[PDB]
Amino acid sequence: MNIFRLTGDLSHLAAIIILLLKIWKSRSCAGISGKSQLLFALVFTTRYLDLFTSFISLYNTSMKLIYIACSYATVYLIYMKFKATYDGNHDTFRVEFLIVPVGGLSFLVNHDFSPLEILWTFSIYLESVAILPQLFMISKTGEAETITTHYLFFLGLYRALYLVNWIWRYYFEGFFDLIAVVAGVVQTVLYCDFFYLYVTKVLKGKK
């Protein structure tokens, strides 16, 4: 552990809680992509299968369990509890164009041809494009509410901090994972326009 990954993890937990508490308190999931939340739940489900083969630390186990619980609870609030406010008509990204190719790529390009590693690879490639349905919904509909932009800011900052974490670990530990890195760069690049607009408009009380 280093400060960059810790801040990265804390930023990710912040985004997850901001969204869950926003839907819970308002009793509405207006402007939220249910599709992106399904993809994030699929990411945690396929990545954390090691919970049954490995113990890293109490922190690592707890964070995995918290991410799974909060992602499944967010999906529950959108598609079941507050389904009356789910804007299905505007959440129209065809997620088959993400899942089917990412699925194909994880089987073909991985560190090892074994079920657990292939599923971990799938979680890494899928996370890189998981926010696309949400950004697509915002571009279709009229802008984004301020709390929704704060969610997007902490989520985007999380994997950007993971890139800094990987520079650190490469320098001090000689550790590198090109699959996680390339996918992490893809994940961050997709937030470029949102970041520019959040800093120039949202942080200046515009949009």
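Residue numbers run from 1 along the displayed sequence. The term rigid core refers to the most C-alpha atoms you can superpose between the two forms while keeping them within 1.5 Å.
In terms of root mean square C-alpha deviation after superposing on the rigid core in 6 other deposited structures of this protein, the stretch standing farther out between 165-173 and 148-156 is 148-156. After superposing on the rigid core, the larger RMS C-alpha deviation in 6 other deposited structures of this protein belongs to 54-62, the other candidate being whichever of 22-30 and 54-62 remains. Annotation for 137-145 versus 157-165: the higher mean temperature factor (C-alpha) is found in 137-145.
As the entry records it, the average C-alpha temperature factor is higher for 192-200, out of 12-20 and 192-200. For the set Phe113, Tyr79, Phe97, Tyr72, the maximum C-alpha B-factor listed in the entry falls on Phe97. Looking only at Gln37, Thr61, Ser26, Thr46, the residue with the top Cα B factor in the deposited structure is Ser26. In the PDB entry, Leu42 places in the lowest third of its chain by CA B-factor.
Split the chain's modelled residues into thirds by C-alpha temperature factor. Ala30 is in the highest one. Among the modelled residues of the chain, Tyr171 sits in the highest third by CA temperature factor in this PDB entry. Among the modelled residues of its chain, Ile68 has a C-alpha B-factor that falls in the lowest third, as given in the PDB entry.
In the PDB entry, a CA B factor belonging to the middle third of its chain's modelled residues is recorded for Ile179.
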